[PDB]
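S.K.: Sequence, then structure. It's an experimental one.
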Amino acid sequence: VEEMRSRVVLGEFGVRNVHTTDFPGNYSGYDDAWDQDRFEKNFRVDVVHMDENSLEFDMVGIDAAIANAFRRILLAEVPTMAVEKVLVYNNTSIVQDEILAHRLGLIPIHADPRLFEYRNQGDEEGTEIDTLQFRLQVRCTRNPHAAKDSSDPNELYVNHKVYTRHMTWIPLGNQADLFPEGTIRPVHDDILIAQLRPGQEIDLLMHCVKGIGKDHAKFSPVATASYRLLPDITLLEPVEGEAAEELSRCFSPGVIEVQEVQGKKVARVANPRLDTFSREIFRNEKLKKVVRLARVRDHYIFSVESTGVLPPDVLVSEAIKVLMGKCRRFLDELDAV
Amino acid sequence: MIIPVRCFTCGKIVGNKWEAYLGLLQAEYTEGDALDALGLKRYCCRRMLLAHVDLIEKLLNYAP
Amino acid sequence: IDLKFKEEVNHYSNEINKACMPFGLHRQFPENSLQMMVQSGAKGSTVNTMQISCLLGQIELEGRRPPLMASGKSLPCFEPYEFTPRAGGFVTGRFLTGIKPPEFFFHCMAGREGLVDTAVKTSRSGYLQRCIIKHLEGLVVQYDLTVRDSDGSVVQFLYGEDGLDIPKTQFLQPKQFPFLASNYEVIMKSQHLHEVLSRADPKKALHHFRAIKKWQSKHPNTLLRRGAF
Amino acid sequence: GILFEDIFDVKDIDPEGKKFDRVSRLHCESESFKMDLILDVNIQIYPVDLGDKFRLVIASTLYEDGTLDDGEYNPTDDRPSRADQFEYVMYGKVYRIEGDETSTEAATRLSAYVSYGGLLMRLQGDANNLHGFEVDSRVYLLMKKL
Amino acid sequence: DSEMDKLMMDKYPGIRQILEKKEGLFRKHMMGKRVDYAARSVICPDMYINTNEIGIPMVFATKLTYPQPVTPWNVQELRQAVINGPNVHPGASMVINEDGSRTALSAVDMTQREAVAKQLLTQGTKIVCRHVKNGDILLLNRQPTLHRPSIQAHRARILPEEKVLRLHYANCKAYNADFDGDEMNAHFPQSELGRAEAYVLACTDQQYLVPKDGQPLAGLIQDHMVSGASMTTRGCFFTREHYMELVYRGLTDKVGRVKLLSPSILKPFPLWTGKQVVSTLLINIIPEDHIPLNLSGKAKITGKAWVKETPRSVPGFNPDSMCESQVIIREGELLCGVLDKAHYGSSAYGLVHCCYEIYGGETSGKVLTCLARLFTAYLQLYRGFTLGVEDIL
Amino acid sequence: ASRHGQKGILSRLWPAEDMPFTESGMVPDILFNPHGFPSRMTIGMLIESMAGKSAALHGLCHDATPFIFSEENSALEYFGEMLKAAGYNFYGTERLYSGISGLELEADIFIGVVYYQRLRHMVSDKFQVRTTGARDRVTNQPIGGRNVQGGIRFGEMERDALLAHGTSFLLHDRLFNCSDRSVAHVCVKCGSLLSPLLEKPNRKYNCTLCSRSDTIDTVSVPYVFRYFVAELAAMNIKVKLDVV
Amino acid sequence: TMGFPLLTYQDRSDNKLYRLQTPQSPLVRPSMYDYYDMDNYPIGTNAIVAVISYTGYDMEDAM
Amino acid sequence: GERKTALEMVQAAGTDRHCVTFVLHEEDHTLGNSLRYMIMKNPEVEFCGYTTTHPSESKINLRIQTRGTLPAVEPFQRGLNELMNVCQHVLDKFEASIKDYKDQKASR
Amino acid sequence: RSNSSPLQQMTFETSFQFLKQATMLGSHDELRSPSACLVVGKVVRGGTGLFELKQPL
Amino acid sequence: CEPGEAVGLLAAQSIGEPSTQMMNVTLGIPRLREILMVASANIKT
DNA sequence: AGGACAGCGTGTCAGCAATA
RNA sequence: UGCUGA
Ligand SMILES: [Mg+2]
Ligand SMILES: [Zn+2]
Ligand SMILES: [Zn+2]
């Protein structure tokens, strides 16, 4: 007669169970029929960090299926713009043509994909509606004003290294209005595309189309969008007297804060969230009996890091909206019968 | 040959930290401190720069 | 000497495997991933599990220990005619903590003879099988249950001496009847059915077995020189 | 619809030494009957200890009003008077009944083996009160500590 | 005879050498001819196609052609094939005329193929050389052919965008295939009388038992054995939603309701047993009209493998009466036993061998497929298998 | 392949959202079944994973020189201490989530960094399909090789298995119809393949040895059968065949 | 192994010549690898490998 | 709208409305698993399970077997609606939290 | 050598000695072996080929 | 044992496959070749 | 008729270069 | 003939 409703207990030789006991018929009384108000009451989002290119909200009180749906949407279904075709007029570089096209596909563009649309199948030409064109034209020459020196930038250098700065947007249609001068640009100005020696030249036109990270990774808008369940650490016994420090070393260092309540030293669990699961207490043989570390049941921690095309919060919003769009597409196709 | 533009496992963009990495190593910084000062946290990205062999500098030495 | 030497060394290995492999492992079988892989028949063996932990064993090339040089030493590191079992290919190292150079050498000798033997063995087996298949190829069971060759020569008057091709005689062994009895309703419905059981007439064969039983009842010793006179 | 009811007390927590993860095999022994019970119980849900009593019942229906069970599980059933005076309910089938070994003796004792998915139980005792059982018969094992 | 005379030079080989040797003319061009309508490619593991099927990578399927006769009941689907063309998949490279022959459709104007889609049924009928059509029969062979089971017939499951022929892992031990670069040949019968024999005789479920000693040949391997042994162990409990989605993911049932079971534990929390998942997967596969089987046997994992702690003397207990070493299936419901390699495996008298005896070879193949899928879903969803250094330590 | 003899073909390209992600956000790029270790005993791969993960973590570069780490100073101890000094766990196992169900797997997985080589053997260089093509002139059989259509020798070992199954017609269809099936003529009365003759242009066959033109009838036979009758005649031997 | 076979293309005119685009140097390598600089000619790439049974397509030597 | 990028329903043996298999095209484990979680909350369904037919293809099969009365197409169309309601609520809550944090950080 | 099939017995080994023998003896072959049945393009006399079908009129 | 089984080929292949794959007497393929292929009056042991 | 001996034999499986 | 793959 003992219920544990909220944690995923764990030892070393394996974890105890894979359930969450929050579904219909999963208890004598604790049965579920998807009370929507109970959800709307027990759900809360807490946004910890939000630099540019980072977010770490909490998303407390949701199941693993919905959290995983959100994570898989950001990685593979939120749309981005990226180079699909490369027209090479001349290329006397050491970097091949196919390898140059590949390298150009993996460069992130700062166009927002919500103002564009998908190219129809076999729309090779493209129009202001679905495409953005950029041009890289660079040639390397020796600089006339150079002494007998060997630094590659000083001599043998007008364009020794071709960067993303060298790529220039060719406004395709009326896109010069709508897009102000600096808005459509590659996100990073320092990505090394190639290297040149005097007499070598690159000249090409790149076409960027819309697409999702599912049919090619180049179109994916986040470095990673993973999540982790909130750890839980409980001191079953008061640790003290120089075993507190050994305890504080078997964890990521901020988790167990050793206070000094009396002349003796007491270890306390200051911040369970910092913990990385390393299970190094389980090697102690005397303190594996003192601490129980498990996971909180439906308390997640998310971390979204965008490449630079869209801000992270906008990414999460568009992910939730893409899931809603899936649901609505299937609802309206069902209503079609 | 040349620095990969994006880390293969994650997709993080590491093609702009090659010259910065080389500059922090010329200043006396260890490869660990250097990879930290560039923002490469998870070791999948750290291996992308730590173990890169720049062979574009040896091919760019035979005649035009 | 080679044989009576791969014996004191084998006493120590038994003592060495028993010390570590059953219960000297950090994690045991329900929760060990190597055990529960060799122990459920997934992949591997307890001799692979050992030889990864606590002993590699006694190397044997041609059923004998590694050969000696022309001066009486088995390897340039060992004195000539050295008594230690280590000098004869007794490897006490494991793949967990690797094996030293001299043991590496003997292990390579063994692993290489294995491949040579594989090649030669297959070369001989192919020819043996070709010859066999080229002589016994025309023997088919006929409509009178007799195994005859291409020209009609009777090789056997009943295939296995009773008929009964092999794959179907697996459950006709005893000790498999308590299964046929338990699953009787499924077996009759699924295959024979009530139709065949009642379209069967056993009198001619049943009377023959009664006669055989009566005879064997009157003659317990069937090698007793029966005769009228 | 009861086939057996008694008050046991745990004597051994796991004598054989085979140890499974969340399951514990209790060796109990009845009171006032001197019947024996071997019982695999899921102890992650229902912790049990030594020197612990519990009222144990075996049934063929949970309704305790005659109506048979339909063999279908509905967590939505509207008849909610099914036995709930019991904390741990299981549901298995008897797969072996074997009269005791002793010949030339009365030895009219029976051992009934029940399987509860994978958690086996064995009830051994005077046959007089193990007649309700029969191989391939579905039964519920209700339990309630004291 | 080139070597009758040993003192002459400029002597090329005579007729004794044209006829008599391994190169020869009998052991080559006589017993070992070269064959048309055959493919060879590296084989890859599939596991999501049924055990009686081969995956064809849409590059053989568009070249391998079966020459089917045009009749009133097929002239419709043949018409779509001649319209689809030589390069779209349900298509056809040619159509043979009644008296003439070989008017090729390989043109890609798409209009003359329609000009000839008519005039089908317009003596021996026109024959359309159709492509492989996802139900065809193919003979597959691995080259050291040492037994009858090294050639078996498979059912042409067409897969798009690959150049590899995908085969189930139950059919590995039969061929000795190892997925380390393992080229294999696929032959395409062209007679409609060799198809009947590929279906009836050479089929890959009549080949369940090796002809050497009658013991089973097909069976599950590797992590389908560590998955099934860790799920059928005594302490594995599943909630309603992991119980389901583990039954339906092994079944993927297409015909009829999935018949489920009752929780073993009904009270503190309704919970299932993992042996119940295998049970409920076993009562759905067995054919509807037939009744579930009873089976009693032993497991490969000895009942001594579980003895952690010294065994104490229980006065009246035969420890083996209630052990995970004895497998007891009672009316299709696993009641005891781990179900390791001894079943699901290449060992005789197990669950799949008895399934193959009572209910036939197609039902044993179905059981193998469904059990593979179930044991994969288990390790991929809720559990995981690895081999670190703290289990060899 | 790895640097330890663990070769293996590439069987799938697993989507990046279906891969088991770790609690650090990472996601492997190679999945290696753990069943190649027990029978092959390549314990050097399990040490290279930990050494390479420790290297990538600390920016170091460890040496894998043989015979540098004894029983007293072990390699696993050394690299597990390195890992535990980076916040990871001694035994090199980090716990993953399931990229398909989204649940933390019950077992903690062994992940690390290992050095893969790509071998020169590609399916693009070892794949062949032949239908019809260069028929060798001497025997009227498919030519072979991979550069032309290239057929697959059937062989003397394989016909034996095909007849064990008792599929005579499959073995008939394959050999006769996919190989040398010819339609020759015979002097039925005198049983000689060589005797039947065609008039210079009706073109009615007439026997050279006996002047009868209505005896000739067709018989299905191979070309190597005809080639063998020719070769046997190249020695004055006669093959007299009985037509029915 | 497909690796970096040489530095002088445009000059060799061999028959076949397999080249790997972006080789890396092993993070774990014997010290002798550094005596004969073998990083002038790299042979493979570092990969994040997990030893897990997860797919159903990586069994029996497949990856 | 789209005749086959969307739904194809196969009523079971006997076209039992209470046992349906929906084929959803262009869907992977994301929608499959979230929708199966949302349909399991309905006490009127006795079996819900999804599965991907084959890796090469892009489509999932849901299987809904409801109780005696309802036609098993209401459980599907209600799980869809509840999932979309949950997504809308999560979106509202997340945007409100982001706004509140932006204000708290821009003030200080 | 104690075999009634010249076409067999020459598909095995020493094919020219077994041909010289069969030739200086006028040895006759009945086309009943698998080898003699695959040399002249017949259907083997076992398994599936062991009977006729005789469509009745 | 259905009529037409061709059991001699099965016996051939069943003696072959195990050998092809796999103390004062002879062992292995030497002994099998002494017995079947040579039928010698002189055996080594 | 005790030998001496000369005499035939086979040998899993497919690719590429290249060259007689 | 030197290689290479199972
Ligand atoms: Mg292989
Ligand atoms: Zn990365
Ligand atoms: Zn004539």
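M.R.: Cool, got the structure. Numbers count the residues shown, from 1 in each chain, chains lettered A, B, ... in the order given. Ligands and ions are numbered 1, 2, ... in the order given.
S.K.: Just confirm yes or no for stretch A:298-311 near chain B.
M.R.: Yes: using Cβ under 8 Å from any Cβ of the partner chain, stretch A:298-311 comes into contact with chain B via A:305, A:307. The C-beta positions use only the backbone N, C-alpha and C, and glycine is treated the same way.
S.K.: Let's see that stretch as PDB, backbone CA atoms only.
M.R.: Taking Å, rounded to 0.1, in the frame of the first residue of the first chain, the C-alpha atoms of stretch A:298-311 are listed here in PDB:
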ATOM      1  CA  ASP A 298       5.500  14.900 -16.600                       C
ATOM      2  CA  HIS A 299       7.900  17.800 -16.000                       C
ATOM      3  CA  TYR A 300      10.100  18.400 -19.000                       C
ATOM      4  CA  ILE A 301      12.900  20.700 -19.900                       C
ATOM      5  CA  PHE A 302      13.200  21.900 -23.600                       C
ATOM      6  CA  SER A 303      16.100  23.500 -25.300                       C
ATOM      7  CA  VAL A 304      15.700  24.900 -28.800                       C
ATOM      8  CA  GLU A 305      18.700  26.500 -30.600                       C
ATOM      9  CA  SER A 306      18.000  27.900 -34.100                       C
ATOM     10  CA  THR A 307      20.600  28.300 -36.800                       C
ATOM     11  CA  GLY A 308      19.600  32.000 -37.300                       C
ATOM     12  CA  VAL A 309      16.800  31.900 -39.700                       C
ATOM     13  CA  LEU A 310      14.000  32.500 -37.100                       C
ATOM     14  CA  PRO A 311      14.100  33.300 -33.400                       C
END
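S.K.: so how many other residues sit close to residue B:15?
M.R.: 22 (other Cβ atoms under 10 Å in any protein chain shown).
S.K.: for the one 4 residues further on, same thing?
M.R.: Residue B:19: 13 surrounding residues under other Cβ under 10 Å.
S.K.: mind checking how far the spatially closest residue to residue C:99 that is not a sequence neighbour is from residue C:45?
M.R.: Leaving aside its chain neighbours, residue C:99 sits nearest to residue C:93 (3.8 Å; criterion: Cβ to Cβ, 6 or more residues apart in numbering or on different chains). Distance of residue C:93 to residue C:45, given as Cβ to Cβ, to the nearest Å: 19 Å.
S.K.: Who has more neighbours out of these two?
M.R.: residue C:93 (16 against 13).
S.K.: you'd agree the more buried one is up against residue C:102?
M.R.: No: assessed by Cβ atoms under 8 Å, residue C:93 is found out of contact with residue C:102, at 10.2 Å.
S.K.: partners of residue D:99 in the sheet?
M.R.: residue D:110 (DSSP bridges).
S.K.: quick one: the strands in chain D?
M.R.: D:2-12, D:23-29, D:36-42, D:53-59, D:88-89, D:92-99, D:109-115, D:120-126, D:138-145 (DSSP state E).
S.K.: JSON lines for the ones you listed, including mean neighbour count?
M.R.: Shown next, in JSON lines, are the strands of chain D (neighbours: other Cβ atoms under 10 Å in any protein chain shown):
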{"stretch": "strand D:2-12", "mean neighbour count": "17"}
{"stretch": "strand D:23-29", "mean neighbour count": "21"}
{"stretch": "strand D:36-42", "mean neighbour count": "23"}
{"stretch": "strand D:53-59", "mean neighbour count": "20"}
{"stretch": "strand D:88-89", "mean neighbour count": "22"}
{"stretch": "strand D:92-99", "mean neighbour count": "18"}
{"stretch": "strand D:109-115", "mean neighbour count": "22"}
{"stretch": "strand D:120-126", "mean neighbour count": "21"}
{"stretch": "strand D:138-145", "mean neighbour count": "20"}
